[PDB]
Amino acid sequence: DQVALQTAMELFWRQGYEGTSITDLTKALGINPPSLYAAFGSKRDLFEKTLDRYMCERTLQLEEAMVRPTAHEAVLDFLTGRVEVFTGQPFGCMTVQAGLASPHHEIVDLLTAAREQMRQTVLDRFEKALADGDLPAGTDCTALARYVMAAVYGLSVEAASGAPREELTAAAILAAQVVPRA
Amino acid sequence: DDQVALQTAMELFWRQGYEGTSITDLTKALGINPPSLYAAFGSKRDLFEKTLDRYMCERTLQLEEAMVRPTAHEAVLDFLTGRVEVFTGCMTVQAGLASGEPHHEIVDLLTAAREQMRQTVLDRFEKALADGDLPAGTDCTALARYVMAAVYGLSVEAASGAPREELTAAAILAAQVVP
Ligand SMILES: O=[N+]([O-])c1ccc(O)cc1
């Protein structure tokens, strides 16, 4: 379910992956080890499902978005897809959470890596778009990557605060407009 | 310093809220005696206001000042760039993985501030749509939601360590969607 993933998130957030036991998860979830396995799989399966739910910078979805034929469509796809994932979840995504005053160091390391891989993946997309010519020459790619990152996290914050989904989707469509299509 | 004292104060207020927090709670959490608390921060009220001013993303006074610019675009532009000028980690959300449940006092306060900010931008847009600078058809509701996302996202980027010059450039880009 959905409270189950939140429960798993809090544990992994505080303890990290390595230091979270099956026994921690069964106790927190209130189900036995075979039922945890039947519902969520191995601890690793459960951890990857938790990251699907709470990570802005999820690799597979970013990569799937980058395959679109223009940088604009790539970013558009990505931003609207995130809005689907983000929508009522009150914590925001994990980077939003890590940015608050007062995560386990393993989780800090994970977010730090994921954020920079996202930035670089977007920059690689921008580099290809300049060669293909759908990004105008002289585009500040570094600035534009940072803006895309700001847009994702900002849409996460709005979702977390309870913004209506059609309104947030309209906002993501406006945000994508900043990535030009020449 | 005691940038950190205010961090610890914020943690206690987040949990207990204002009314149920005593000086005796604060002194035992900050590890400092009340005269010291009075010298450094003032009354419980002053300390509360100080801690809120440190950690709230919504800066209404500087927002309202930005709105007095004659175009919707210029208003947003000066608000966004101005916001980055301050940033260089606020309570962007009303829930904490680590911190536990926020007191209902804190939830209400954060909700009101968010809503004030949104209304202020939405008004300015509605003003601008009549005054002529926003094209009729413009979705002012979606456009205000976008501005909120930009301001909080730039806030998250800044909190995560983004370089100043990149963030300023990102703000200027973000202002471009207000026609
Ligand atoms: O310097 N950079 O390019 C950065 C710095 C910090 C950060 O969180 C992301 C990117």
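Computation of the quantities below employed the complete heavy-atom set of this structure, encompassing side-chain atoms and omitting hydrogens, waters and symmetry-equivalent molecules. Chain A is the first sequence line, chain B the second, and so forth, proteins listed ahead of strands; every chain is numbered from 1. As the structure lists them, so they are numbered: ligands from 1, and atoms in each ligand from 1.
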| query | What class does the angle between the rings of A/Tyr17 and A/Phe12 fall in, given that below 30° is parallel, 30 to 60° is tilted and above 60° is perpendicular? | reply | parallel
| What residue and atom, counting heavy atoms only, is the protein's closest point to atom 9 (C) of ligand 1, and at what distance? | A/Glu116 OE2, 2.8 Å
| query | Among B/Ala159, A/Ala145, B/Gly161, which residue places a heavy atom closest to atom 6 (C) of ligand 1? | reply | B/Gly161
| query | Is it true that A/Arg146 and B/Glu166 have a side-chain N and a carboxylate O under 4.0 angstrom from each other? | reply | yes
| field | Closest approach of any protein heavy atom to atom 7 (C) of ligand 1, naming residue and atom | value | A/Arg115 NH1, 3.0 Å
| query | If you count the atoms of ligand 1 from 1 in the order shown, which ones are under 4.0 Å from a heavy atom of A/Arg146? | reply | 2 (N), 3 (O), 4 (C), 7 (C), 9 (C), 10 (C)
| task | Applying side-chain contact (heavy atoms from CB on, under 4.5 Å) between B/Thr8 and each of B/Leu30, B/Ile32, B/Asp2, B/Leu26, report the one that passes. | result | B/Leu30
| message | Closer than 4.0 angstrom, basic N to acidic O: yes or no for B/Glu49 and B/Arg45? | response | yes
| field | Minimum-distance protein heavy atom relative to atom 1 (O) of ligand 1 | value | B/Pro163 CG, 3.5 Å
| query | So B/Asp123 and B/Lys127, salt bridge (charged side-chain N to carboxylate O under 4.0 Å, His left out) or not? Walk me through it. | reply | CA-CA 6 Å; B/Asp123 291 336; B/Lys127 187 205 170 179; over 6 Å; no
